[PDB]
Amino acid sequence: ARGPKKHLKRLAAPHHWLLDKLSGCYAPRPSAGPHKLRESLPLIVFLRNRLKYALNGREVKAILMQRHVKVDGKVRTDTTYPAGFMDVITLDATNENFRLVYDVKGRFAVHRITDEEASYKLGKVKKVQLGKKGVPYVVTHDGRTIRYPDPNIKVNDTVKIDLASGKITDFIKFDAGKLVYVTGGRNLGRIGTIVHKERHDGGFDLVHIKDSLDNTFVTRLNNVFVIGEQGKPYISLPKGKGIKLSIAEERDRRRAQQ
Amino acid sequence: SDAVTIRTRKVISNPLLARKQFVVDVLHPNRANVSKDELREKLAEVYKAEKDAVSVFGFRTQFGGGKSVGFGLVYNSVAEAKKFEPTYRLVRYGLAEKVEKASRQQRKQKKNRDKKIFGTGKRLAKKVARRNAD
Amino acid sequence: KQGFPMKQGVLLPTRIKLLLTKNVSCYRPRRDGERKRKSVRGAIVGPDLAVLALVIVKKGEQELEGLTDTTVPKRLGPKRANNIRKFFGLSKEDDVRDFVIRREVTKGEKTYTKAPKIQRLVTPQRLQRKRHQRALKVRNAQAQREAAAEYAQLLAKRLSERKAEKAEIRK
Amino acid sequence: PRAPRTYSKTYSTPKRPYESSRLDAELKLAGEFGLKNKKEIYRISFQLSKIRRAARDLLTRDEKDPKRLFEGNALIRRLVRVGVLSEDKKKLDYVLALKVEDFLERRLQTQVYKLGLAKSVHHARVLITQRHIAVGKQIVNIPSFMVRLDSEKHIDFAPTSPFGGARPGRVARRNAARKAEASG
RNA sequence: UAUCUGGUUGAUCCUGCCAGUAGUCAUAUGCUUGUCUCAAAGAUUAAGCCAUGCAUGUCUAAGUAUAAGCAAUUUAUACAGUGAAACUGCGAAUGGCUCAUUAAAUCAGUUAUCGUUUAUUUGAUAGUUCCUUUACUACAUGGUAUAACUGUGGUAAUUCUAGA
RNA sequence: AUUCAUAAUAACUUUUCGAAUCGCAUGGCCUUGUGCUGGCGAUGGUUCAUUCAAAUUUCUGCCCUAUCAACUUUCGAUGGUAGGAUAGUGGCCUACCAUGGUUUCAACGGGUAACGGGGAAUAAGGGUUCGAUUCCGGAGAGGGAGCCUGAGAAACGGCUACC
Ligand SMILES: [Mg+2]
Ligand SMILES: [Mg+2]
Ligand SMILES: [Mg+2]
Ligand SMILES: [Mg+2]
Ligand SMILES: [Mg+2]
Ligand SMILES: [Mg+2]
Ligand SMILES: [Mg+2]
Ligand SMILES: [Mg+2]
Ligand SMILES: [Mg+2]
Ligand SMILES: [Mg+2]
Ligand SMILES: [Mg+2]
Ligand SMILES: [Mg+2]
Ligand SMILES: [Mg+2]
Ligand SMILES: [Mg+2]
Ligand SMILES: [Mg+2]
């Protein structure tokens, strides 16, 4: 109404932030950035609610204004800077590195990666199009535009970004039998080794996916993120590796140790 | 006092704010309400840094008494504790003094009076006095 | 009377009402794009004027007590580099750094001149800024040329592979 | 603008206001368990009613239903945990026919009574209310506490109270000072 | 917790309604009111009318300071410390309130923009502009007004303003 | 799926943009001249992408009324051609042209003590009643209309006129 909104009430923020409904009227509205508002960590939730490295929103500002936190190798002093899937967070103190990946329950999980694994990232290409002066470029899922890509790169593929220069190191093609990571939908946070996809000319592609335990499920194409060949992936998968155990089997595992 | 047996749980190191965060767990049988001023001293000795770099808050006494659980922070030095701690808690321990200030309504009305004046206002002061003669 | 000012050359010595805008006298806006309707009194002089504003352009022979005997100095001196130059008309190379009008102030027994500044003056720092911006355009253009050449070399090589690929095809 | 605080009522009034049978059985329960109101009986009936509402929906489902297996075991576990459900009856069919006062058997004052310590059910309520009973190392002054068959053996007097030691009491202290001035 | 009872008859079985009965994040009202937690709250009638006071302003190392501001830096004769005012840049189109209008209208789910605008954020991205382009030319950088400010003032009054 | 992305040719423009801006660090090279190079940032800027949005838009779905059965098309109703306007599509508006469109499967008109949903109360099952109001979308700033600034307002703790 009359212009863009700037406040985000609680009970209206995305449910995967895990914000307690009481203790506050508002929620951190993610700023404009590489990732959608609906799928965004931004650091205030990450620093305080996930890592417990702050007690308030004031201490988060104190941490960020001293250039400790950085996203993709850049300081990102903004307190509500939207951090999305596959973003790499580096903290100079504690010598810790992070990669934003979804837990099997559909939530962003705290994942600690080594220094070497923080030297790259994967991005799902969204469109391959010619720029001005006939310069082709690829647009990844985090808004990164990379000029002069490989001619064999097509949409729905995954490229590897150096994160020191925006150059592409290697790319994974979208073919049957590739290890994929489900990003969005009821099957969010699952890893499933594509078997085949349905064409459905007109829109809303469908792909059939079955994980290691031979559980098959179907999700829309735009929710699929290829993360390498079957078996060894190109990133360190979080604990559980996206299995989606049933509730009956889950409690027995919780009852195994107590 | 008598079997104070201060315990700190869930201790985590936070060099980003240059401190340590832990949950203070205090047992005070036959006694009540361990009175943080004493809590800071014993907490300071355990981490042996100083008293001025130690702050505590929370400490809701359990039902029936005999126990109290709160929060505590231990900084690396006074410089960190004097730059990250809130002003309201620094004045609790005497490390800072509560600056004198008028009421909220007094400042609001004073600010609105300024809005009615364009420029510094020295020129109208002499002009008002000159017109006050006649 | 009632203080309504006299707008420059309008009409009609009777007071009127106008819609006043930016860069228009008798109105100081309090908002961006705000316009207000105020009463302004006409330019023609009438018998309802409480005061007049007069300016002397030529001096006669009789001496005024407080207009010719006494004089007041300009409060501020020039600040821009060429405004310093235009003040004295020296040259474009006479190092205007030391031609600054200074005003001593005595709060106590200590005095200081506090010469304001020379804006738009040539500084070695400014030459560095021009040097960097000029040099950056050279490297940025060259980098794209190198990147474009590498893409063309890769594109031509792949086509050569396709040329030999279909050569084996169709017997 | 803030998330509303969820609340619910925990009792159900009977449909008929006056009948001899219910007005007798309910008062028999209150007298034999030392309860202040009829609302303390309506509360158990309401709580049991929701238990048999879920157990009927589970039984009408197919055997080895993944929902029934998860929910049926969880429902039985809670009743077994607090002692309402015996160990020999875990079929989810004895849940539907447990009783009204099986829950009243596991309340604090009844169980405080059962392990001596009150020598009357009404003496247990005042002892609990007056901050004398500690379930663990913690004082519980709620007469309806529903011990969970593990804190059953840990019911004991509060250390920071008379009958546990460390002080004679309030009126005992005043009484003792009376003979002190009387002796002199 | 898938339940009914009293009332037409001298008495009976029905139709049938009246009455009773239980609940209400449905209000109001009456009598009464010891404790802890939690909590709606000028919606219904009048989107009727409002005294008063607040609710939108904002700075860094990094736009413009000779405050004829404050103090001593003393590394400084141009400034370089803090900093009123004002110019500039942003924001004021968010939030908060209310439910009068509104019956394929709004709205809910579901679609499209191969039919468009988009400050801000993030990622890329101007060697080509001495114009008769060999003296036209400042490119170690080119002009103007004005606010703040000094002083003269007008009206009873306004976040009014004029002349210098 | 395209007259798409993109490139090329011929011109056009009264002409946009293509850094006369700021802070900190002061380092290298000599024919040591205030000579030539040289870092980390801030602000700004053309185009594309991206994000925050907006506008329009497809299908299905709303309470009571026939003591509302025909309604719409003077001067816009339904559609075509062309143009103007708009950020764009479109009777959005204009000129010419055709007589079209909706309706007992309830149009149209009247009523609502009607903002719409997510929901609330009571219920064996099926339902009935309610939803101004903690969230989402809409509308308004006493009733109307008009408009400046701006990316975004028909803005009212902005302006203008009438009542
Ligand atoms: Mg609003
Ligand atoms: Mg925000
Ligand atoms: Mg009869
Ligand atoms: Mg009779
Ligand atoms: Mg009735
Ligand atoms: Mg109403
Ligand atoms: Mg940009
Ligand atoms: Mg047309
Ligand atoms: Mg037409
Ligand atoms: Mg209404
Ligand atoms: Mg609302
Ligand atoms: Mg409005
Ligand atoms: Mg009103
Ligand atoms: Mg208006
Ligand atoms: Mg108001």
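In chain B, numbers come from Swiss-Prot; the residues present are 2-135, in order.
Recorded method for this deposit: electron microscopy, 3.5 Å.
A Cβ is built for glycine as well, from the same backbone N, Cα and C atoms used for every other residue.
Pulled from Swiss-Prot, these are the features on record:
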MOD_RES   B:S2  N-acetylserine
MOD_RES   B:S14  phosphoserine
CROSSLNK  B:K21  ubiquitin cross-link
MOD_RES   B:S56  phosphoserine
REGION    B:102-135  region 'Disordered'
COMPBIAS  B:105-115  compositional bias 'Basic residues'
COMPBIAS  B:124-135  compositional bias 'Basic residues'
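Looking only at the recorded positions B:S14, B:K21, B:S56, the one with its C-alpha closest to B:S2 (N-acetylserine) is B:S56. DSSP assigns B:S56 (phosphoserine) to a strand segment in the three-state reduction.
When DSSP labels each residue, the compositional bias 'Basic residues' (B:105-115) comes out as 11 helix, 0 strand, 0 coil, counted as helix, strand and coil in that order. In sequence order, B:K21 make up the list of same-chain residues 6 or more apart from B:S14 (phosphoserine) whose Cβ falls under 8 Å from its Cβ. Fewest other C-beta atoms within 10 Å: among the modified residues B:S2, B:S56, that description fits B:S2.
According to DSSP, B:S2 (N-acetylserine) is assigned to coil rather than to any helix or strand. Across the region 'Disordered' (B:102-135), DSSP assigns 24 helix, 0 strand, 10 coil.
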